[PDB]
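Next up, input-v6.pdb (PDB, N, CA, C and O atoms):
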ATOM      1  N   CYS A   1      -2.972  -6.283  -2.796  1.00  0.00           N
ATOM      2  CA  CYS A   1      -3.036  -5.356  -3.919  1.00  0.00           C
ATOM      3  C   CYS A   1      -1.750  -5.406  -4.740  1.00  0.00           C
ATOM      4  O   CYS A   1      -0.767  -6.027  -4.336  1.00  0.00           O
ATOM      5  N   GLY A   2      -1.765  -4.748  -5.894  1.00  0.00           N
ATOM      6  CA  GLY A   2      -0.595  -4.730  -6.753  1.00  0.00           C
ATOM      7  C   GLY A   2      -0.500  -3.461  -7.577  1.00  0.00           C
ATOM      8  O   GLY A   2      -0.434  -3.513  -8.805  1.00  0.00           O
ATOM      9  N   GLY A   3      -0.495  -2.317  -6.900  1.00  0.00           N
ATOM     10  CA  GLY A   3      -0.409  -1.045  -7.595  1.00  0.00           C
ATOM     11  C   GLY A   3       0.929  -0.847  -8.279  1.00  0.00           C
ATOM     12  O   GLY A   3       1.129  -1.293  -9.408  1.00  0.00           O
ATOM     13  N   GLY A   4       1.848  -0.173  -7.594  1.00  0.00           N
ATOM     14  CA  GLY A   4       3.162   0.074  -8.159  1.00  0.00           C
ATOM     15  C   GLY A   4       4.233   0.213  -7.097  1.00  0.00           C
ATOM     16  O   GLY A   4       5.134   1.043  -7.218  1.00  0.00           O
ATOM     17  N   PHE A   5       4.136  -0.600  -6.050  1.00  0.00           N
ATOM     18  CA  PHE A   5       5.104  -0.561  -4.960  1.00  0.00           C
ATOM     19  C   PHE A   5       5.307  -1.951  -4.363  1.00  0.00           C
ATOM     20  O   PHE A   5       4.604  -2.898  -4.715  1.00  0.00           O
ATOM     21  N   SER A   6       6.275  -2.065  -3.460  1.00  0.00           N
ATOM     22  CA  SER A   6       6.575  -3.340  -2.818  1.00  0.00           C
ATOM     23  C   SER A   6       6.352  -3.254  -1.311  1.00  0.00           C
ATOM     24  O   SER A   6       6.415  -2.174  -0.722  1.00  0.00           O
ATOM     25  N   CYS A   7       6.092  -4.401  -0.691  1.00  0.00           N
ATOM     26  CA  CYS A   7       5.860  -4.458   0.747  1.00  0.00           C
ATOM     27  C   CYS A   7       6.319  -5.797   1.319  1.00  0.00           C
ATOM     28  O   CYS A   7       6.762  -6.679   0.584  1.00  0.00           O
ATOM     29  N   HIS A   8       6.207  -5.941   2.636  1.00  0.00           N
ATOM     30  CA  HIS A   8       6.609  -7.171   3.307  1.00  0.00           C
ATOM     31  C   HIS A   8       5.392  -8.027   3.647  1.00  0.00           C
ATOM     32  O   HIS A   8       4.329  -7.505   3.984  1.00  0.00           O
ATOM     33  N   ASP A   9       5.555  -9.342   3.557  1.00  0.00           N
ATOM     34  CA  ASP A   9       4.470 -10.270   3.855  1.00  0.00           C
ATOM     35  C   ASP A   9       3.886  -9.996   5.238  1.00  0.00           C
ATOM     36  O   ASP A   9       4.620  -9.833   6.212  1.00  0.00           O
ATOM     37  N   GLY A  10       2.560  -9.944   5.315  1.00  0.00           N
ATOM     38  CA  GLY A  10       1.900  -9.688   6.582  1.00  0.00           C
ATOM     39  C   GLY A  10       1.262  -8.314   6.636  1.00  0.00           C
ATOM     40  O   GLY A  10       0.290  -8.103   7.361  1.00  0.00           O
ATOM     41  N   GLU A  11       1.809  -7.378   5.867  1.00  0.00           N
ATOM     42  CA  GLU A  11       1.288  -6.017   5.833  1.00  0.00           C
ATOM     43  C   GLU A  11      -0.005  -5.950   5.025  1.00  0.00           C
ATOM     44  O   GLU A  11      -0.222  -6.746   4.111  1.00  0.00           O
ATOM     45  N   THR A  12      -0.862  -4.994   5.370  1.00  0.00           N
ATOM     46  CA  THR A  12      -2.134  -4.823   4.679  1.00  0.00           C
ATOM     47  C   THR A  12      -2.087  -3.634   3.726  1.00  0.00           C
ATOM     48  O   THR A  12      -1.355  -2.671   3.954  1.00  0.00           O
ATOM     49  N   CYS A  13      -2.872  -3.708   2.657  1.00  0.00           N
ATOM     50  CA  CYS A  13      -2.921  -2.638   1.668  1.00  0.00           C
ATOM     51  C   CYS A  13      -4.001  -1.621   2.020  1.00  0.00           C
ATOM     52  O   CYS A  13      -5.194  -1.924   1.975  1.00  0.00           O
ATOM     53  N   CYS A  14      -3.576  -0.411   2.370  1.00  0.00           N
ATOM     54  CA  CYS A  14      -4.506   0.652   2.730  1.00  0.00           C
ATOM     55  C   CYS A  14      -4.181   1.939   1.975  1.00  0.00           C
ATOM     56  O   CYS A  14      -3.055   2.155   1.525  1.00  0.00           O
ATOM     57  N   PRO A  15      -5.188   2.812   1.832  1.00  0.00           N
ATOM     58  CA  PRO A  15      -5.034   4.091   1.134  1.00  0.00           C
ATOM     59  C   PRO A  15      -4.161   5.074   1.908  1.00  0.00           C
ATOM     60  O   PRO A  15      -4.517   5.506   3.005  1.00  0.00           O
ATOM     61  N   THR A  16      -3.016   5.424   1.331  1.00  0.00           N
ATOM     62  CA  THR A  16      -2.092   6.354   1.967  1.00  0.00           C
ATOM     63  C   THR A  16      -2.209   7.747   1.358  1.00  0.00           C
ATOM     64  O   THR A  16      -2.093   8.753   2.059  1.00  0.00           O
ATOM     65  N   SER A  17      -2.438   7.798   0.051  1.00  0.00           N
ATOM     66  CA  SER A  17      -2.567   9.069  -0.654  1.00  0.00           C
ATOM     67  C   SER A  17      -3.862   9.116  -1.458  1.00  0.00           C
ATOM     68  O   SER A  17      -4.681   8.199  -1.389  1.00  0.00           O
ATOM     69  N   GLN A  18      -4.040  10.190  -2.221  1.00  0.00           N
ATOM     70  CA  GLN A  18      -5.236  10.357  -3.039  1.00  0.00           C
ATOM     71  C   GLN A  18      -5.068   9.678  -4.394  1.00  0.00           C
ATOM     72  O   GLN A  18      -6.015   9.110  -4.938  1.00  0.00           O
ATOM     73  N   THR A  19      -3.855   9.742  -4.936  1.00  0.00           N
ATOM     74  CA  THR A  19      -3.563   9.136  -6.229  1.00  0.00           C
ATOM     75  C   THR A  19      -2.839   7.805  -6.061  1.00  0.00           C
ATOM     76  O   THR A  19      -3.063   6.864  -6.823  1.00  0.00           O
ATOM     77  N   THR A  20      -1.970   7.732  -5.058  1.00  0.00           N
ATOM     78  CA  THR A  20      -1.211   6.516  -4.790  1.00  0.00           C
ATOM     79  C   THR A  20      -1.607   5.905  -3.452  1.00  0.00           C
ATOM     80  O   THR A  20      -2.083   6.604  -2.556  1.00  0.00           O
ATOM     81  N   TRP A  21      -1.408   4.599  -3.321  1.00  0.00           N
ATOM     82  CA  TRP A  21      -1.745   3.894  -2.090  1.00  0.00           C
ATOM     83  C   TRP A  21      -0.488   3.379  -1.396  1.00  0.00           C
ATOM     84  O   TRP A  21       0.625   3.578  -1.880  1.00  0.00           O
ATOM     85  N   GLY A  22      -0.675   2.717  -0.259  1.00  0.00           N
ATOM     86  CA  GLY A  22       0.454   2.183   0.483  1.00  0.00           C
ATOM     87  C   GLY A  22       0.057   1.051   1.408  1.00  0.00           C
ATOM     88  O   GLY A  22      -1.042   0.505   1.297  1.00  0.00           O
ATOM     89  N   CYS A  23       0.953   0.693   2.322  1.00  0.00           N
ATOM     90  CA  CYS A  23       0.693  -0.383   3.269  1.00  0.00           C
ATOM     91  C   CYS A  23       0.421   0.173   4.665  1.00  0.00           C
ATOM     92  O   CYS A  23       0.597   1.365   4.914  1.00  0.00           O
ATOM     93  N   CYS A  24      -0.010  -0.700   5.569  1.00  0.00           N
ATOM     94  CA  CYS A  24      -0.307  -0.298   6.938  1.00  0.00           C
ATOM     95  C   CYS A  24       0.632  -0.990   7.923  1.00  0.00           C
ATOM     96  O   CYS A  24       0.494  -2.183   8.193  1.00  0.00           O
TER      97      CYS A  24
END
The structure given in the file should be rewritten as structure tokens.
Amino acid sequence: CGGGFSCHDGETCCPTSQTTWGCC
């Protein structure tokens, strides 16, 4: 995914919030 945050290779994109998302 490519919302509006950064992450490390290997991590998965999952829903963390209602308006914003995050990694797992």
### Task
Rounded to one decimal place, report the atom C of residue A:23-atom CA of residue A:5 distance in Å.
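Value for the atom C of residue A:23-atom CA of residue A:5 distance: 10.7 Å.
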### Residues within 8 Å of (-2.0, -5.5, 2.2), file coords, only C-alpha atoms, listed as a ChimeraX atom specification
/A:1,10-14,23-24
### Task
Determine which residues of chain A receive a DSSP assignment of strand (DSSP E), computed from the backbone, and state them as a list in words.
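Listing strand (DSSP E) positions across chain A yields residues 13, 14, 22 and 23 of chain A.
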### Query
atom CA of residue A:22 to atom CA of residue A:9: how many Å, to one decimal?
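Interatomic distance, atom CA of residue A:22 to atom CA of residue A:9: 13.5 Å.
The gap separating atom N of residue A:20 from atom O of residue A:8 is 18.8 Å, in Å to one decimal.
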Might I get the box with edges along x, y and z of the file that holds all atoms of stretch 6-12 of chain A listed there, padded by 8 Å on every side, given as centre and edge lengths in Å to one decimal, as lines of an AutoDock Vina configuration file?
center_x = 2.3
center_y = -6.2
center_z = 2.0
size_x = 24.9
size_y = 24.2
size_z = 26.8
### Message
With only C-alpha atoms as the counted atoms, please give the residues lying no more than 10 Å from residue A:2, apart from itself and same-chain residues fewer than 4 positions off, as a VMD selection string.
### Response
chain A and resid 6 to 7 13 21
Show me that you can extract chain A, keeping C-alpha atoms, and write it as a short mmCIF file (atom, residue, chain, number, x, y, z; two decimals), in the first residue's frame.
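The resulting file, out_1.cif, is shown below:
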data_model
loop_
_atom_site.label_atom_id
_atom_site.label_comp_id
_atom_site.auth_asym_id
_atom_site.auth_seq_id
_atom_site.Cartn_x
_atom_site.Cartn_y
_atom_site.Cartn_z
CA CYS A 1 0.00 0.00 0.00
CA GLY A 2 0.96 3.66 -0.21
CA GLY A 3 -1.24 5.77 2.04
CA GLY A 4 0.77 8.36 3.92
CA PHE A 5 3.32 6.53 6.06
CA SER A 6 6.55 4.52 5.86
CA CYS A 7 7.38 0.93 6.81
CA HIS A 8 10.09 -1.73 6.61
CA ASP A 9 10.36 -4.33 3.86
CA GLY A 10 8.57 -7.53 4.82
CA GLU A 11 5.77 -5.89 6.80
CA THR A 12 2.16 -6.20 5.65
CA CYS A 13 -0.36 -3.39 5.20
CA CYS A 14 -3.33 -3.80 7.55
CA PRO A 15 -6.09 -1.53 8.91
CA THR A 16 -4.96 0.07 12.17
CA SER A 17 -7.47 2.91 12.44
CA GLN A 18 -10.80 3.98 10.95
CA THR A 19 -9.43 6.88 8.91
CA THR A 20 -5.75 5.92 8.77
CA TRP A 21 -4.07 2.56 8.21
CA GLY A 22 -0.81 0.95 9.32
CA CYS A 23 1.46 -2.08 9.16
CA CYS A 24 1.38 -5.45 10.92
#
